[PDB]
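Peer 1: opening piece of a complex, kept in its complex position:
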Amino acid sequence: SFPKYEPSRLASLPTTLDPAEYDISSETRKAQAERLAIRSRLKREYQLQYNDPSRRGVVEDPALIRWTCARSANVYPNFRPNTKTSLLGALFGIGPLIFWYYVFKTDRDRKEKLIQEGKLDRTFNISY
Amino acid sequence: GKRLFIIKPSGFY
Amino acid sequence: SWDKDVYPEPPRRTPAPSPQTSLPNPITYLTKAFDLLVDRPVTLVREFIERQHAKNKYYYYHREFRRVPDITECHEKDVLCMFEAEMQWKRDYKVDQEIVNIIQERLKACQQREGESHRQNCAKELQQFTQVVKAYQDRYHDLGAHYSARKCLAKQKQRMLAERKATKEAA
Amino acid sequence: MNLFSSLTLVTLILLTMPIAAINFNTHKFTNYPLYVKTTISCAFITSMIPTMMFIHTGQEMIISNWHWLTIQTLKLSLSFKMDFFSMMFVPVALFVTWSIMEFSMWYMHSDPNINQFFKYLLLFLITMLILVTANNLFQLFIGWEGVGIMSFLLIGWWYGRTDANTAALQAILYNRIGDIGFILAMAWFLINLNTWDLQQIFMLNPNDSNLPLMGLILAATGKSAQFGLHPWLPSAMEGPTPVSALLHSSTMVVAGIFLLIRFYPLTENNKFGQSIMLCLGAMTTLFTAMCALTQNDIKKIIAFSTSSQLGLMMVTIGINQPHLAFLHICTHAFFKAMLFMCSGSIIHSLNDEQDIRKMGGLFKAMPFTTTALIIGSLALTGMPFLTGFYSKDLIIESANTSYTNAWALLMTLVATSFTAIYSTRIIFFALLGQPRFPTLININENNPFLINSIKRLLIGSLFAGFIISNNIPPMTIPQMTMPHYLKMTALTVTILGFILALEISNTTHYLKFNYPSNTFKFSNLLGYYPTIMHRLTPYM
């Protein structure tokens, strides 16, 4: 009949064609009421301190401080040696080093072999 | 007339 | 001014303008307006300032460095003589750099001044440039950032061994 | 001698003087944009005298006036090169810029940062005239990075908007990908020819010059929005309309084309560089002019228009005809700046409305804008004996009659038809039809700034192709003997594009609803190229 939208990680499924928008069950009602409750509570606790005339400063977000402390300060104690992390620390840590090392060594051995034979065009090359 | 006040930061300093 | 021997130029031959049409061009009138309004006040100001220069004439000099013994007739690990040889070689290295720069200036000026016929008319300047760049490359190339008279002499000895072996295998 | 070089440097110092004026201030200016417009008027009048005494003789020279740096064999001097390219690009750029700024006194009149806007626009003009008067690759790199940085600063002019900063950073990314190739070219010329000065590069005449020309082609692909690196120019319509009119039609986006024109003695000895330029230019002028066929934002349509014309310039560099490409630059500047100015007048009249689906009825509602935009569209399509006839058709006359890639020629002709298709698309949706815009008509174009600014570029779009094409000396031999089906190629395929797109336009008044197939969804989503590479490559 009609083409289905197939999702992507870089182009996600819309709000309309997702089936969990068109569920009318009671647990969806209660989860939406709980998310409305938490969002309204945090909205109120925000815009009290936001409109507070005694406060002349920065309304600190614990979520933003939590995100900044997550991106930098939770790195090392939650590092465990296993298959995936060590194979990615070897594949992405020393792999491209070996790649560029053999490429640059091959290229400079080729160039030095051409130069010591007197075969490379080095006529007006006096800046180096 | 009916001019509106330009809300701007302090350009004096 | 400068020396026309170290900066050679062919004689500039312009043709006299023969206007085929009757319309007076704005170029000659703007040239005479430039000569009245601009050239003469600048010239009179320069005459007054040049008189003010000539009211106190005084001279500076080009420093002359006498030749000291080179690195070859210095004893090994004798810093008092090989220091002098090293400063001699450094001043000569910088002067050779500026000689190569002068030849580059000649080559670029020849190319622009000849215009489209530069590949015909500047074969001599290109040949002198090829000579001086071949000499600079045999003399100073690949010495590295810690270049010295010792490294240059070692390169010259290796080049002379290659040339001697090349001449000996030819005979 | 004393007049030529003096007025040459007086033009540049005169452009630098209002920068000192805006920087040495305390008070509030008595119309500083009027001061900069008067300054650029005077710089145009100053630069016209060396142009006239180049038309008279052909007097080229070089002003190597300030010895700046000597790196052991490299005498970097402040070196200006007054040849045919500077003498024919500087007065055109000054005339277009003076028209853009008298347009900008009206379009940006409610801006409280109008002084910063004209300062940035004059800084762009200074950097571009550094770019086109440069004699070594370092000063050309100064002008190159200068127009890149002023592209950043003038795309992100309304910096509170996220998409403006997004488009500015995108434009920076694609221009630095071009800068990879330009620094590759500088590196090759320093290591193999010991120079950045153009004179020694042209004199030493390298034979194995594949790598530096590939570097220059990558620089032009970044700068002139060719294929692979084009999407920043459709994104770059986010800024103000005089930014997209001055920079991204006529002055900045021709710099990669100007770089490949400047290096014509190297490209004329290499068939591989000519083949790469011909293929990439035909690819660009196909793809961008095809993506213009399905857009509704008018600045997007004229951005794809100017990128298609840049691809045509890349084609006529690829056929070893550089002076025709440069004449197409100096021709293209007038009417493409005028088309952006008329589109901006339509935008400002319709209360910041850029969508052609909410336009119409502007034939008699905006009669001067109607007249000027019709003349601009005709000079775009190659109407006979308008300014766009005096280069573009000649391009086709040398694209047919040479030892050429045939598929590149055929894509050039398809692009020539597509130009007429989107030109009558612009005329049909914008000026023709019925009003589709909202009900409080505040349509007005009665400012002497707007009238005079469109008027001078309209005199340009009527006369400048004839005047410049008759004032040049012949640097090539024009191919003037060809069969009659091959002489009449570009005009016939242009008229066929006109008629086929009039059929396409008359389909819109039929009361029939059709589902859009893969062609319309392909072209309307920008050939699918800014979708993947802007989501997938920064993710990895």
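Peer 2: That came in fine, so what should we check first? Numbers count the residues shown, from 1 in each chain, chains lettered A, B, ... in the order given.

Peer 1: what about residue A:14, how many neighbours?
Peer 2: Neighbours of residue A:14 under the rule other CB atoms under 10 Å in any protein chain shown: 10. C-betas here are computed from N, CA, C, even on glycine.

Peer 1: isn't it right up against residue A:5?
Peer 2: Yes - assessed by CB atoms under 8 Å, residue A:14 is found in contact with residue A:5 at 7.0 Å.

Peer 1: now do the contacts for residue D:265.
Peer 2: Residues near residue D:265 by CB atoms under 8 Å, 6 or more residues apart in numbering or on different chains: D:202, D:205.

Peer 1: separation between it and residue D:202?
Peer 2: As judged by CB to CB, to the nearest Å, residue D:265 and residue D:202 stand 5 Å apart.

Peer 1: now swap in residue C:62 and tell me
Peer 2: On the measure of CB to CB, residue C:62 and residue D:202 end up 35 Å apart.

Peer 1: just residue A:18 next, same as before
Peer 2: The value you get for residue A:18 to residue D:202, if CB to CB is used, is 64 Å.

Peer 1: as chain E, please add this:
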Amino acid sequence: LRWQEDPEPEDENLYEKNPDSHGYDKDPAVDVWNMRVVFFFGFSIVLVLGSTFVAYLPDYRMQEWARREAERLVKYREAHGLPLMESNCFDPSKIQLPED
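Peer 2: Chain E, in position alongside the others:
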């Protein structure tokens, strides 16, 4: 409960007690004299006279000399027919070679 501790003091605003504050110090005479000291010995002393001093360095690392000396030597070797530069830096007569 936890130890007896002074609370976190709030950051002071230097425009409250001094709308002509330069940010150097809270005492206004000390603040304006710190501004004058910074602006005199920063810009009027170091930058202006420093650009003037660096602008007139007496032939910094003798490049100009080396141009002019080059303008001697090429002039010397256009007259005597000598080539513009030898391939050897030193005399090959005063070099002993390792024999073979």
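
Peer 1: the neighbour count of residue A:14 again, this time with chain E added?
Peer 2: Other residues within reach of residue A:14, judged by other CB under 10 Å, total 10.

Peer 1: in three-state terms, label the residue in chain D that chain A sits nearest to for me.
Peer 2: Across chain D, the shortest distance to chain A (CB to the nearest CB) belongs to residue D:535, at 4.1 Å. With DSSP: H, G, I helix; E, B strand; the rest coil as the basis, the three-state label of residue D:535 is coil.

Peer 1: any buried residues in the helix or strand harbouring residue A:67, and which?
Peer 2: Taking DSSP states H and E as the definition, residue A:67 sits inside helix A:62-73. Using 16 or more other CB atoms under 10 Å in any protein chain shown as the test for burial, helix A:62-73 gives no buried residues.

Peer 1: again with stretch C:70-88
Peer 2: Buried residues in stretch C:70-88, defined by neighbour count with 16+ other CB under 10 Å: C:70, C:71, C:72, C:74, C:82, C:85, C:86, C:88.

Peer 1: surely the first one is in contact with residue C:85?
Peer 2: This means residue C:70. Yes - Residue C:70 lies in contact with residue C:85 (CB under 8 Å); the separation is 5.2 Å.

Peer 1: let's add chain F too:
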Amino acid sequence: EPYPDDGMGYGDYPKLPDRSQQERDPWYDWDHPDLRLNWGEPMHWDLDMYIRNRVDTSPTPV
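Peer 2: Below is chain F, added to the chains above:
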């Protein structure tokens, strides 16, 4: 829901559903209207990456 425990160092941080800030409600009264986000709500791990200057998750008609 947290990230998979392999030792990459995410900790107890939530796996947000990996949608960008373009699909967030553009007309809603946000606390951070340029980022379209609310106070106290747990941000995405790549909140610097899913900004509207950068990589999107929005659906295309093709």
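
Peer 1: now with chain F: the buried residues of helix A:62-73?
Peer 2: Buried, per 16+ other CB under 10 Å, within helix A:62-73: A:63, A:67, A:70.

Peer 1: grab the nearest non-local neighbour of the second one.
Peer 2: Spatially, and ignoring its direct neighbours in sequence, residue A:67 is nearest to residue F:43 (4.7 Å; CB to CB, 6 or more residues apart in numbering or on different chains).

Peer 1: residue F:31 is in contact with that neighbour, correct?
Peer 2: No - using CB under 8 Å, residue F:43 is not in contact with residue F:31, being 11.8 Å away.

Peer 1: more neighbours: which of these two?
Peer 2: The residue with more neighbours, out of residue F:43 and residue F:31, is residue F:43; 23 against 18, by other CB under 10 Å.

Peer 1: check which helix or strand covers the more buried one.
Peer 2: Per DSSP H and E, there is no helix or strand for residue F:43.

Peer 1: quick one: residues contacting it.
Peer 2: Contacts for residue F:43 (CB under 8 Å, 6+ apart) come out as A:63, A:64, A:66, A:67, F:16, F:37.

Peer 1: what of residue D:231?
Peer 2: Residue D:231 sits in contact with D:170, D:174, D:526, D:529, D:530, D:533, D:534, where contact means CB under 8 Å, 6+ apart.
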